[PDB]
């Protein structure tokens, strides 16, 4: 009935080092995975994912409805017109099980020129009361830069895998302007589970989130140990096995655009599973004005006539389109 995706485990630790041949061997594995199912697990990544999951669980399980309204994005609180991305994403008991908290670049302050300029997709993060959530903001901001660092190394692997110099992507991935986001998603156990929160796929599978390509350059995802993701292949959807020690990596549609679809953005979905679990993506977005010139690694001259795409416009459109297609999360 349902087969299992080949998701290789790639030791990415050489990407933090200066052994250039070893980096090329990592890049080959990234190339192979990106041309197959489009997913791999980054292992030996150096991030303390036990603390990540512990601190995230403490937050999800202690925040109150009052705090959720106070932090809610505009979709749940009309008072918060500036919160299109960052803030709390409320569940709706009986209708919607998932809930989450999204935050952006901590360097987006009122001082920041993009905030001053009111450029779309830039927002100042909102946070709960420190005394009610001691150490949470400090943990979350540290994690942002921890996973930023891992992502910068992965981008070197992707650049080398495509035959470019290692900073081809990472040079656009900067702490002062990155539009990257962290989302701390809670998927709850519920008995009874609300039928309204379960979607039925065309092929009959019960889903929590429908098929989509990622709005990102790449996505760097930690999940707890409950299998749920499926990737689409020509022979149908295949189960991605869980690994709560590694990061699940895949290309987003910005990468597919700039590589002339040589590295596709894999289509994937979330199966419905009645289990308490965590889904913690880091979406590797560039700066608002970042443009990468497309190329076609299939051609000798590498030439593409695809239009260079400004990352900010891509992100603003992608996030709205994803809400329209797959629902406000």
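Numbering follows the first chain given and starts at 1.
Averaging CA B factors per stretch from the PDB record, which one is higher: 236-244 or 142-150?
Of 142-150 and 236-244, the stretch with the higher C-alpha B-factor average is 236-244.
Look up the CA B-factors in the entry and say which stretch, 300-308 or 286-294, has the higher mean.
Taking the mean C-alpha B-factor of 286-294 and of 300-308, the larger value falls to 300-308.
Name the one of 100, 125, 131, 137 with the greatest CA B-factor according to the PDB entry.
Max CA B-factor in the entry, restricted to 100, 125, 131, 137: 131.
Name the residue from 195, 210, 250, 177 with the greatest C-alpha temperature factor listed in the entry.
Of 195, 210, 250, 177, 195 has the highest C-alpha B-factor.
Can you tell me which third, lowest, middle or highest, the CA B-factor of residue 38 falls into for its chain?
As the PDB entry reports it, the C-alpha B-factor of residue 38 lands in the middle third of its chain.
Against its chain's modelled residues, does residue 115's Cα B factor rank lowest, middle or highest third?
Its C-alpha B-factor belongs to the highest third of this chain's values.
Among the modelled residues of its chain, does the C-alpha B-factor of residue 279 lie in the lowest, middle or highest third?
It belongs to the lowest third of the chain when residues are ordered by C-alpha B-factor.
Lowest, middle or highest third: where is residue 202 by C-alpha B factor in its chain?
Its C-alpha B-factor belongs to the highest third of this chain's values.
Per the entry's values, where does residue 63 land by CA temperature factor relative to the rest of its chain, in the lowest, middle or highest third?
Its C-alpha B-factor belongs to the highest third of this chain's values.
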